[PDB]
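>>> What shape does this take:
(4 chains)
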Amino acid sequence: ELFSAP
Amino acid sequence: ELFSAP
Amino acid sequence: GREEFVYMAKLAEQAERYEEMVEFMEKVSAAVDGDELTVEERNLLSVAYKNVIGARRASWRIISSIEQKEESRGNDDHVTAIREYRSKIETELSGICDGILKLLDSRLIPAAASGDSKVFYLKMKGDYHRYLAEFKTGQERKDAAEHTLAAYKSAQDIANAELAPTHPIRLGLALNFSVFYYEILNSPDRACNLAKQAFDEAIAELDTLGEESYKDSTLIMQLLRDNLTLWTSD
Amino acid sequence: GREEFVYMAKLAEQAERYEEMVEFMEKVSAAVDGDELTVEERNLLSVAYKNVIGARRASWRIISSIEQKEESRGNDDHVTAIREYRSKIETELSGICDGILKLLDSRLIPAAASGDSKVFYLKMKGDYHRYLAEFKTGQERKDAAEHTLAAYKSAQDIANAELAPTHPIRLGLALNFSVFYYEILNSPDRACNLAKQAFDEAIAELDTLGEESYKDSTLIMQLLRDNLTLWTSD
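Numbering: from 1, shown residues only, chains lettered A, B, ... in the order given. Coordinates below:
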């Protein structure tokens, strides 16, 4: 559920 | 936007 | 071996690498000479080709819209570039259909021993001749439309004779056959009549159901209604 | 040549044929000797690579999970087949990372003339070295981790000195840098502090943003918060 940059 | 069989 | 390639096909599916899923099932079919694919294998093969062709169909549609818009603007340089790109997608579409049709004509259809399998594969043959008709032109389009009508109408004869009106395969054939009428043959009336007929024949014996068997039938029947709803109000 | 291959990249994007979008953007970067890619061209190149690598990363994750379940509680021949398949996905991952990293080291980073573009391309270098670190082992992982931190730290130095704390590129760098700490280096404390620090320094001067730039900065900052919320509860 961890996000990085788009 | 018609539907054919799955 | 058949078992190994089935497992690889399931790994490719999970990974959503459907081009490789096609290859693994292509090898499952080769390992099964004469004998029929299992329901599981039969379904994996169709899931493998559906996604593969589904992506190119999506691409072809969006590219065609862009071509027409650019034609309306007069950008000849853009239209030239779009047509060459569309032609590339059409070449892939042709190859994907040729692969499954070659397998259907030479192995799967000849080996189908039950009405169930006969209506499944013939239906699939019509489906992939229909996809060809979506983009082909001239004689190649008419040849594809006729192969579709031949395969669908044949599959229909067996379905009415050996499959219950609620059988998912029979309902799926009627749905796709009706779509074929509307989109390829531009016969909306024939499309609505077939979609309603297949639906009415189903509701007649629908209440004679289990509890978890008509999950698949109800799904197809709702699609028939949705298409009818759209076709009836133009 | 340049303008034609940009258009082709845009078509490939609409078609969701991203491997071809990479090829078109590779030809764009080759046609731009010394000069910098436009913001439009620069953004098309990362969307292309982002999606190409994004697919294989998704595939690699699911295959790895299946390998571990089979290894713990299942057949060894299945594990053997999975490992060969995972190894094929890792070869594609390596190839994709290799393509953009070569382009970054030999053209894009050398040609970056503003702090804006320098942080962008250095941040990208770290991103694709990080993607290598996600699956590489042994020396290749160590080499990837070292290159990521070097590229991120370099980028951070320029970002702090020449980019506003609300600039999306600077915020994106902080987000990915913080993810690198948590996932690759297993340094949760440094991950949380860098995310909070980049988030606090942003909220301080968020009043200066307009309405089209307030949307870009608030999007990255919400991701920083989401990660912090998860990291702070472990």
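>>> does residue C:213 count as helix, strand or coil?
The three-state label for residue C:213, taken from DSSP: H, G, I helix; E, B strand; the rest coil, comes out as coil.
>>> May I ask which helix or strand encompasses residue C:90?
In this assignment (DSSP states H and E), residue C:90 forms part of helix C:76-103.
>>> buried stuff in that helix?
By neighbour count with 16 or more other Cβ atoms under 10 Å in any protein chain shown, helix C:76-103 contains the buried residues C:78-79, C:81-82, C:85-86, C:89-90, C:92-94, C:96-97, C:99-101, C:103. For every residue, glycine as well, the C-beta is placed using N, CA and C.
>>> is chain B contacted by that helix?
No: Helix C:76-103 does not reach chain B (Cβ under 8 Å from any Cβ of the partner chain); its nearest approach is 14.8 Å.
>>> wait, what's in contact with residue C:202?
C:165, C:166, C:171, C:217, C:221 (Cβ atoms under 8 Å, 6 or more residues apart in numbering or on different chains).
>>> let's see 6 Å
By Cβ atoms under 6 Å, 6 or more residues apart in numbering or on different chains, the contact set of residue C:202 is C:165, C:166, C:221.
>>> picking up where we left off before, and chain D, which of the buried residues of helix C:76-103 reach it?
residue C:85 (Cβ under 6 Å from any Cβ of the partner chain).
>>> Show the subsequent helix or strand relative to the helix holding residue C:90.
Downstream of helix C:76-103 (by DSSP H and E), the next one is helix C:109-111.
>>> quick one, the next helix or strand after that following helix and helix C:76-103 angle?
Proceeding C-terminally, helix C:109-111 gives way to helix C:115-135 as the next helix or strand, assigned by DSSP H and E. Here the directions of helix C:115-135 and helix C:76-103 differ by 160 degrees (axes from the mean of the first three to the mean of the last three Cα atoms, to 10 degrees).
>>> What helices and strands are in contact with helix C:115-135?
In terms of contacts (3 or more Cβ pairs under 6 Å, 6 or more residues apart in numbering or on different chains; DSSP states H and E), helix C:115-135 is packed against helix C:76-103, helix C:138-162, helix C:168-179.
>>> Swap in 10 Å and give it another go.
Other helices and strands packing on helix C:115-135, by 3 or more Cβ pairs under 10 Å, 6 or more residues apart in numbering or on different chains; DSSP states H and E, are helix C:39-73, helix C:76-103, helix C:109-111, helix C:138-162, helix C:168-179.
>>> Kindly compare burial across the ones you listed and name the winner.
Each of the helices and strands packed on helix C:115-135 was assessed for mean neighbour count using mean count of other Cβ atoms under 10 Å in any protein chain shown. The highest is helix C:168-179, with a mean of 26.
>>> what does chain C put close to chain D?
For chain C, the contact set with chain D under Cβ under 10 Å from any Cβ of the partner chain comprises C:3-5, C:7-8, C:10-17, C:20, C:55-56, C:58-63, C:65-67, C:70, C:75, C:77-78, C:81-82, C:84-86, C:88-89, C:92.
>>> Report the residue ranges of every domain in chain C.
C:1-111, C:139-234 (automatic domain parsing).
>>> got those as JSON lines, with distance to residue D:188 columns?
Formatted as JSON lines, the domains of chain C follow (distance: least, Cβ to Cβ, whole Å):
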{"stretch": "domain C:1-111", "distance to residue D:188": "30"}
{"stretch": "domain C:139-234", "distance to residue D:188": "45"}
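>>> Which among the ones you listed is found nearest to residue D:190?
domain C:1-111 (33.0 Å; Cβ to Cβ).
>>> Quote the end-to-end distance of that closest one.
19 Å (Cα to Cα, to the nearest Å).
>>> Which positions in chain C make contact with chain B?
C:46-47, C:50, C:123, C:127, C:130-131, C:168-169, C:171-180, C:182-183, C:191, C:216, C:219-220, C:222-224, C:226-227, C:230-231.
>>> same thing but 8 Å
C:127, C:171-173, C:175-176, C:179, C:182-183, C:219-220, C:223, C:226-227, C:230.
>>> What residue in chain C is the furthest from its centre?
residue C:74 (35.8 Å; Cα atoms, centre = their mean).
>>> got the phi/psi numbers for that residue?
Phi and psi for residue C:74, reported as degrees, to the nearest 10, are phi 90, psi 10.
>>> Thought residue C:130 was touching residue C:53, still the case?
No: between residue C:53 and residue C:130 there is no contact under Cβ atoms under 8 Å: 10.7 Å.
>>> Helix or strand: which one has the residue lying closest to residue C:174 once chain neighbours are set aside?
Spatially, and ignoring its direct neighbours in sequence, residue C:174 is nearest to residue C:198 (3.2 Å; Cβ to Cβ, 6 or more residues apart in numbering or on different chains). For residue C:198, the element it lies in under DSSP H and E is helix C:188-206.
>>> Name the residues of that helix that come out as buried.
C:191, C:192, C:194, C:195, C:196, C:198, C:199, C:201, C:202.
>>> how distant is it from the center of its chain?
Between the centre of helix C:188-206 and the centre of its chain there are 19 Å (Cα atoms, centre = their mean, to the nearest Å).
>>> same question, stretch C:210-223
For stretch C:210-223, the distance to the chain centre is 19 Å (Cα atoms, centre = their mean).
>>> got the CA positions of it in PDB?
Extracted in PDB, the C-alpha atoms of stretch C:210-223 (Å, rounded to 0.1, in the frame of the first residue of the first chain):
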ATOM      1  CA  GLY C 210     -30.400 -24.700  -8.900                       C
ATOM      2  CA  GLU C 211     -28.900 -22.000  -6.700                       C
ATOM      3  CA  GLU C 212     -25.300 -21.600  -7.900                       C
ATOM      4  CA  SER C 213     -25.600 -22.900 -11.500                       C
ATOM      5  CA  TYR C 214     -27.500 -20.000 -13.200                       C
ATOM      6  CA  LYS C 215     -24.900 -17.600 -11.900                       C
ATOM      7  CA  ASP C 216     -23.200 -17.900 -15.400                       C
ATOM      8  CA  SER C 217     -26.600 -17.900 -17.200                       C
ATOM      9  CA  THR C 218     -27.900 -14.800 -15.500                       C
ATOM     10  CA  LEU C 219     -24.700 -13.000 -16.400                       C
ATOM     11  CA  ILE C 220     -25.100 -13.600 -20.100                       C
ATOM     12  CA  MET C 221     -28.800 -12.900 -20.000                       C
ATOM     13  CA  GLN C 222     -28.200  -9.500 -18.500                       C
ATOM     14  CA  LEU C 223     -25.900  -8.600 -21.300                       C
END
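>>> in it, what's buried?
For stretch C:210-223, by 16+ other Cβ under 10 Å, it's C:214, C:216, C:217, C:220, C:221, C:223.
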